[PDB]
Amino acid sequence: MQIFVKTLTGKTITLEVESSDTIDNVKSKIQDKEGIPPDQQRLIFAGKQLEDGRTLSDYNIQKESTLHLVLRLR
């Protein structure tokens, strides 16, 4: 399906993923158009941070679902 990722600047980017793709795959798609290392990426869904190893099916993420991206520090 197609998902949405909102940034803390108020902007949102459209991303194409199936409900079986891994989280690190989603981050690499973000870097693919935003140039942000999947290392620094924090993906939050419904007020909960996601895990790279898991998939979208674990968090029952459907279409038009908005994920929130935040940067790490050190």
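We number the residues from 1 along the sequence you see.
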item: Ranked against its chain, the third holding the CA B-factor of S57; value: highest
item: Among modelled residues of the same chain, the CA temperature factor third for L67; value: middle
item: Record-listed C-alpha B factor of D32: chain third; value: highest
item: For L15, the third of its chain into which the C-alpha B factor falls; value: lowest
item: Cα B factor band for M1 (lowest, middle or highest third within the chain); value: highest
